[PDB]
Amino acid sequence: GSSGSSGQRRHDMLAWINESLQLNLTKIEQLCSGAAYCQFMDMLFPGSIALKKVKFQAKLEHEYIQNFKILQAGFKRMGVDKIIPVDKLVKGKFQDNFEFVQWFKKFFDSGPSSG
């Protein structure tokens, strides 16, 4: 509720996640960790990721990678022909996160047949 969802780019995606696991990201770079996705996955596909491994409090970069490393496994596990960059998501330079999240979202909506 409130705010809405339609215009105002950037926040467009944030809302997605925000309205998925109950987040509050202000920027895209905020996804320079690799947790949201994980959580999102578990929510979609139970037993696809290792929520009991992901670092939902990673402050260092090296960490981020790992976080993604796991998430990435969520794809090679199910069957997602997508090789997450990570190295780009752990760059915290934006764009590489937006140009990635946008996809993830798109796919997430319409990924594998059924499910």
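Structure determination for this entry, per the PDB record, employed solution NMR.

1. Section: the overall build of the chain
Along its length, the chain carries four helices and zero strands. Expressed along its principal axes, the backbone C-alpha trace of the chain runs to roughly 35 × 35 × 25 Å.

2. Some thoughts on the nonpolar core
If you look at the biggest cluster of nonpolar residues, it comprises 35 residues, and the most contacted ones within it are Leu31, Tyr37, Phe68, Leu71, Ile84, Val101 and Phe104. Going through the elements one at a time, α1 (11–22), α2 (36–44), α3 (61–78) and α4 (98–109) are the ones with two or more residues in this core. Not counting residues within four places of it along the chain, the set of residues in contact with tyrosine 37 comprises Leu31, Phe68, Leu71, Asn97, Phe100, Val101, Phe104 and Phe108.

3. A closer look at the pattern of salt bridges
Considering all chains together, one arrives at two salt bridges under this definition. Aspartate 96 is paired through a salt bridge with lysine 88; the nearest N and O atoms lie 3.7 Å apart. The exposure class of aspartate 96 is buried, given its relative accessible area of 12%. Relative accessible area serves as the criterion here: at 40%, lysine 88 is assigned to the partly exposed category. Across the pair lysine 93 and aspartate 96 runs a salt bridge, and its minimum N-O distance is 3.9 Å. For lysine 93, a relative accessible area of 45% gives the class partly exposed. Here the residues in one salt-bridge network are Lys88, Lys93 and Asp96, joined through shared partners.

4. Details of the packing of aromatic side chains
This model, assessed by the stated rule, comprises 13 aromatic pairs. Relative to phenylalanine 104, the ring of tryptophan 103 lies with its centre 5.4 Å away and its plane at 75 degrees, an arrangement referred to as edge-to-face. Under the relative-accessibility criterion, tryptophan 103 is labelled partly exposed at 23%. Judged by relative accessible area, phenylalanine 104 falls into the buried class, the value being 0%. The rings of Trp16, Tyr37, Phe40, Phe68, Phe75, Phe100, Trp103, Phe104, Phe107 and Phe108 are connected pair by pair, giving a single aromatic cluster.

Rules of the game
- Residues numbered from 1 in each chain as written, not as in the entry; some residues may be left out.
- Heavy atoms only, no water.
- Helix = DSSP H or I, 4+ residues; strand = E, 2+ residues; numbered from the N terminus.
- Core = buried A, V, L, I, M, F, W, Y, C linked by side-chain atoms within 4.5 Å.
- Buried < 20%, exposed > 50% of the residue type's maximum accessible area, 1.4 Å probe, protein only.
- Contact = heavy atoms within 4.5 Å.
- Salt bridge = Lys/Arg side-chain N within 4 Å of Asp/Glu carboxyl O.
- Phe/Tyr/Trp six-rings, centres within 6.5 Å; stacked < 30°, edge-to-face > 60°.

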